[PDB]
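Worksheet: the structure to be examined is printed underneath.
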Amino acid sequence: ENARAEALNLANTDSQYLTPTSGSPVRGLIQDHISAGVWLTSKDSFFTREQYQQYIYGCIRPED
Amino acid sequence: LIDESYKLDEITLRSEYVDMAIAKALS
Amino acid sequence: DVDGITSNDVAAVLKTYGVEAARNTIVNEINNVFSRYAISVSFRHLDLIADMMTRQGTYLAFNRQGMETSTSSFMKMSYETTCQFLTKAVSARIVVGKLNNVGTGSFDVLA
Amino acid sequence: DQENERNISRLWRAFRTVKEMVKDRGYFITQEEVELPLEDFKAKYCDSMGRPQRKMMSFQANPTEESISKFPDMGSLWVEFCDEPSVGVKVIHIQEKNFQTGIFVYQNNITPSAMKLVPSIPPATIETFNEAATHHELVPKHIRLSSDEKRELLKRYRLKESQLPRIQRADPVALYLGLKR
Amino acid sequence: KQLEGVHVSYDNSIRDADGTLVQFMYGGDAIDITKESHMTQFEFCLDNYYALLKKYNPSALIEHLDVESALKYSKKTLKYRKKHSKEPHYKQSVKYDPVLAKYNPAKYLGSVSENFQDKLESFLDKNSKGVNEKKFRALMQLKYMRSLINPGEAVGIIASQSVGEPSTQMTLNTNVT
Amino acid sequence: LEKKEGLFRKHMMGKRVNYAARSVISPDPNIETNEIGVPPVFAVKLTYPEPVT
Amino acid sequence: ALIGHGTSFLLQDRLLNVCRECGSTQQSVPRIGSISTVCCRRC
Amino acid sequence: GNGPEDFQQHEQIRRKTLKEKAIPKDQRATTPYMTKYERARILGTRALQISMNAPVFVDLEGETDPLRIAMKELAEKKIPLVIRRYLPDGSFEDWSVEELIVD
Amino acid sequence: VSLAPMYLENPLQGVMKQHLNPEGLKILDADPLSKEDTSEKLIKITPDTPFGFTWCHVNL
DNA sequence: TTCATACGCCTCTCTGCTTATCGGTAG
Ligand SMILES: [Zn+2]
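Residue numbers (this note's numbering), protein chains in the order written: chain A, 266 to 329; chain B, 172 to 198; chain C, 95 to 205; chain D, 868 to 1048; chain E, 51 to 227; chain F, 32 to 84; chain G, 151 to 193; chain H, 6 to 108; chain I, 2 to 61.
Here is the structure:
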C-alpha cells in the first residue's frame, strides 16, 4: 500500500503535468484533436439543440 | 579526527599538543 | 575595449582569475551550449551542478577522479573500477536493502 | 621613449592594488591615498636620473585595525621601502615589530632559499606577487566576508566545519586576505 | 551516480546522506522549478483573483505563521538596496542580508528573492488598480511561499536528468566545441 | 565484480522483477488519461496479495 | 527515475519484495529435539 | 537478583545523544506543511494499519478501499500517528498531524 | 515485541494485556518526553509493516 | 604396431597518471 500511495500521489501522471527541464508542459492532445478543435471552434460552426446536448453529454458523462 | 595538521608543524623546541585536542574535542 | 575582453573558459579562469568564479564560468559555458538550440534548461540545475566546484577546492569532475573523496564507497564500487575501490575499503541502502533516505524515506514515522 | 614608464605604471598599479587589499582586509587608509593619481605619483616620485628610484621610492605600509569590534585581535604589517628589494628574491627580514601579520612584496624572481623561514613564526605569512594589476567586471567574485562568529551559523544549521564548501589556501581570492583554517 | 544522494534538507540547504552542504539555497530563490511558471505572470494572477484566493486559503494560513517581521526586514533591505544600487559590485557592502538567509522562506511571509521584489514593484508601479494592492501583494507572497521545494526532493537527480535527457537531441551537426 | 557486466551493474543496481509485464501500446482516446488499458489475459495473471478484513 | 520522483517505497518494491556479534553465515543446526539455534564459528 | 542492568549502561548511553540531538518543543524551525512525500507515506502507512485489522474512529465510509479510507481520515484529521522529521545532522523535529496543515 | 496495531494510547482495551509474550512499560521519545504519566505516548513503527519490536524496560 | 581415450598447445580512438633527463643551489 505504501507503493500504491506513492504511485497514486507522487508518481501519478496528473501530478507531473510539467517537466523540471524548463517548467513547460509536456502533456496534451496532439494532431487529430488539434485539427478537430480548429474546425469546431471556428465561427462557421453551428449546432442545434439535439447536437449540442449530445456533444455535451458524450464529452462529459457526469455519471462517471 | 580534526584538521590540526598545520598547528603541530613546529612543536619540538610534538606529541604533547595532540593530548590536549582530544580532551578538548569531547569538551 | 581592452577592459572588456574574455576568452571565458575554465582553461585559465579558475587558476588565478578567481576561485568561486567557477559558479559563474561553468554555468555560463554550459548554458552557452544549450543556447545554440535554445533548449534552455533552468539555471537552478546549472547551479545545482556544484559538486564540481564547491564539494572540494577547485574543479572536480564527474568521473573516477571525483568519486574518490566520497565517503561511502558502495557508490564508488558500483561505478567503474569496482576492484581498486574495494581494496581501499579494507545506493548503499539499495545494496543492503535498507529503506532509502529521499522522498518518503527522507524522514521517519511512528505512533 | 622606451620601456621606462612601463615599469612605473606596473608598480603604481600594484601599489594601488595592495592598498585596496589592506583596506578590504580592514586596515583603514585614505580614499584619496588609494586613488593616488599617476601624475601625483610621479610628482612625489621623480628621480633626478628618471629611474625606478624615483628619488622617493620609500613605500611604507602600516595598518589601522579598525574592526576590533568584531575581531578581538589584530596585529600589524611593516612593508617599508619595498620598491625594488633587489633584481631578484634575496631571509632579510624574518620577523619585525609586528605580532600577527607581515607582507613582503617581491619581483617574483622567486628564490626557494628565501621561501624558507616563512612557515616558521606562528603569526605570519606572505603571498605576494609581481603586479596583480582582484575585482573586475569580468570578475564575478562575490565579495568575501570573514564571519568572526560563525558559531551562530553552525548552531542554526547543525553542521561540522568540514561539511561546508572548502576554499583552498592557495585560492587567489583567499590570498587577498589572510584566511586561515 | 554522482548525485544519487543529494537531496533538499528540511533546512533550505541541499545536503547528501552524509549531510555535506552543496548550496544553502536552491539557485538563490528556493522556488520549485515546477510550480513557478506564473510567478511573474502578474496580470493572469490578478485575474481570477478570487479563485486564487480560494485555492490559497488565507483563513487557515494565519494561525501557524507570522508576516510583520520578515516584511519589515524586506522593506528595510529593499530601501537600502535602492539607496545603494548605483555603486559598483566591489564597492558595495552588506548592511543587511537578503531575506531568505535571514528567515525561513517557507515559514515567514514576505521572505522572497530580490529579483521577485523588483519585478513585483515594477509591475505594481503601473496604476490601473479585490483590486487592493495591499492584498494583491499578500496573495503574491502567499503563492511564493506555497511555491517552495518540499524537504525530501530528488534535486540533483532532477538536475542530472534535465541536463542529460535534453542533450540527446541537443545537436547533430553544423570553431568552438 | 567486473567492468560493465559485473555483479553490481547486473544484480545490485538493477534486477529482474516479479508481478511485471511487457507488451505493445495501442492508443485509445476512450480511456481516462490517468488510466491504462489492461487486457483480460493480464487480469487473470497479475494478482495482488490483499488481506481479508 | 524511481529516485527522481522520490518514491522510496516504490523503489524498494521494485528492487525487493545475520551475525549479531561478528557483523559480517552459520546457524540453524538443531541436534535432537531442540529448536534451531546458531553456532557461528566466526563467533 | 538484577544483573548488568542497562546492558552495561548502554541503554543510558546514546539516549542522551538522542535527546541532545533533538529540537525541543516551541523551537521547531520547520515549515508547517504536510509535504507530498509525507502525505503519501502517511496515507500508505495508515492504509496498511487498517488492512491489518486495525480499528478506525471514523465509521462514516462504508466502502472497501483502505487507501480511500485513509484519505478520508486525512480529511477528518483522525490519524493516530506522529511524523519524525529529523534534520540531516540527526536532530529530530517531531511533528503531529493534528497540528499540521495538509494543503 | 509483536506490536498491536494501535498503541499511540494505552488507556484500555487490553492493549497491555497479553503484550509481553509477543511488569512495567517503556516508551521511547528521543525528543524531550512529556510527563511520564500520560496514558498516550508515541510508538516507533516499522518502515513498511505496521509494527514496532525493538526493546522496552519491563521485568517481573 | 596398433587401438582406446585421457590429455594437451598458438587491420583506423583518447585521457589521466606509471614513470623518464637534468641541472641548480646552499650545504
Ligand atoms: Zn559470529
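All C-beta atoms in this analysis are idealised placements derived from N, C-alpha and C, irrespective of residue type, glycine included.
Legend entry - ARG921 of chain D, DSSP secondary structure in three states: Of the three classes helix, strand and coil, the one that applies to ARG921 of chain D here is coil, per DSSP.
Inset, instruction - Throw me the rounded Cβ distance for the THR35 of chain H and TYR60 of chain E pair, which I believe falls under 8 Å. - result: 6 Å
Legend entry - Chain-ordered chain A contacts of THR218 of chain E [CB-CB under 9 Å]: Within chain A, no residue comes near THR218 of chain E; the closest Cβ sits about 12 Å away, beyond 9 Å.
Legend entry - When D:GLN1030, D:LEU903, D:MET916 and D:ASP950 are compared against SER925 of chain D, the one with the closest alpha-carbon: D:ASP950
Inset, instruction - Could you check if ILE208 of chain E is buried or exposed, using at least 16 other CB atoms within 10 Å of its CB as the buried criterion? - result: buried
Inset, instruction - Mind the definition here: the segment 875 to 893 of chain D touches the segment 990 to 999 of chain D only if three or more C-beta pairs lie below 8 Å; say whether that holds. - result: yes
Legend entry - Segment limits, alpha helix (DSSP H) that includes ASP11 of chain H: 10 to 14
Legend entry - Cut-off 7 Å between Cβ atoms - residues of its own chain near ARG89 of chain H, not counting five sequence neighbours on either side: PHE97 and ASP99
Inset, instruction - Return the CA-CA distance between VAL190 of chain C and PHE52 of chain I, expressed in angstroms with no decimal places. - result: 21 Å
Legend entry - Assigned secondary structure, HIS114 of chain E (DSSP; H/G/I helix, E/B strand, else coil): Look at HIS114 of chain E here: in three-state DSSP terms it is coil, with no helix or strand label.
Legend entry - Inter-residue CB distance, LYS169 of chain E and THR90 of chain E (contact presumed, cutoff 8 Å): Indeed they touch by this definition, with Cβ atoms about 6 Å apart.
Legend entry - Between the CA atoms of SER178 of chain G and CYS193 of chain G - distance to the nearest angstrom: Rounded to whole angstroms, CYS193 of chain G to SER178 of chain G spans 14 Å at the Cα level.
Legend entry - Residue nearest to residue 117 of chain H in terms of C-alpha spacing, selected from H:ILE28, H:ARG19, H:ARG51 and H:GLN17: Residue 117 of chain H is absent from the structure shown; chain H starts at 6 and stops at 108.
Inset, instruction - Have a look at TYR320 of chain A and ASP297 of chain A and give me their C-alpha separation to the nearest angstrom. - result: 17 Å
Inset, instruction - To the nearest angstrom, report how far apart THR148 of chain C and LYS182 of chain C are at their CA atoms. - result: 25 Å
Legend entry - Cross-chain neighbours of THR84 of chain E in chain A, by beta carbon under 7 Å: Near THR84 of chain E (Cβ distances below 7 Å), the residues of chain A are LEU283, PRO285 and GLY288.
Legend entry - Backbone CA spacing between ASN976 of chain D and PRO952 of chain D [nearest angstrom]: 11 Å
Legend entry - C-alpha gap between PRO70 of chain F and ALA59 of chain H, whole angstroms: Across the structure, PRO70 of chain F and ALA59 of chain H are spaced so that their CA atoms are roughly 35 Å apart.
Inset, instruction - Assuming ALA301 of chain A and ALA45 of chain H form a contact by the criterion Cβ under 8 Å, report the distance between their Cβ atoms to the nearest whole angstrom. - result: The Cβ separation is near 37 Å, so there is no contact.
Inset, instruction - Measuring from each Cβ to the nearest heavy atom of ligand 1, keep the ones under 7 Å and list them in chain order. - result: The filter returns G:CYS169, G:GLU171, G:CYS172, G:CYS190, G:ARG192 and G:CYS193, in chain order.
Inset, instruction - On a CA-only basis, which of D:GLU963, D:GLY917, D:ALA981 and D:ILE935 is nearest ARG892 of chain D? Give me that one, please. - result: D:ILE935
Legend entry - Beta-carbon proximity list for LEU128 of chain E, same chain, < 7 Å, skipping 5 on both sides: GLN167
Legend entry - Whether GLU10 of chain I touches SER40 of chain I by CB criterion (7 Å): Against a cut-off of 7 Å, the Cβ pair of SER40 of chain I and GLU10 of chain I comes out as a contact.
Legend entry - 7 Å Cβ cutoff met for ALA186 of chain C and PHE201 of chain C: Not closer than 7 Å, so no.
Inset, instruction - Indicate whether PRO33 of chain I and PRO29 of chain H have their beta-carbon atoms separated by less than 7 Å. - result: yes
Legend entry - Listed by chain order, chain F residues near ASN277 of chain A by CB distance under 9 Å: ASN65
Inset, instruction - Return yes when the Cβ of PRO148 of chain E is within less than 7 Å of the Cβ of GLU164 of chain E, no when it is not. - result: yes
Legend entry - DSSP state of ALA151 of chain E mapped onto helix, strand, coil: helix
Inset, instruction - Return the residue from the list C:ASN194, C:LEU108, C:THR176 and C:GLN159 that minimises the CA-CA distance to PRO1039 of chain D. - result: C:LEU108
Legend entry - Beta-carbon gap between residue 820 of chain D and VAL956 of chain D smaller than 7 Å: Here chain D has residues from 868 to 1048 only, and residue 820 of chain D is not among them.
Legend entry - Reduced DSSP category for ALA27 of chain H - H, G, I as helix; E, B as strand; rest coil: strand
Inset, instruction - Name the residue from D:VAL946, D:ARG921, D:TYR1024 and D:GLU1028 whose alpha carbon lies nearest to the alpha carbon of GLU906 of chain D. - result: D:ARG921
Legend entry - Cross-chain neighbours of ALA186 of chain C in chain I, by beta carbon under 8 Å: Under the 8 Å cutoff, chain I gives no residues; its nearest Cβ is about 16 Å from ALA186 of chain C.
Inset, instruction - Please say whether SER287 of chain A and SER129 of chain C have beta carbons closer to each other than 7 Å? - result: no
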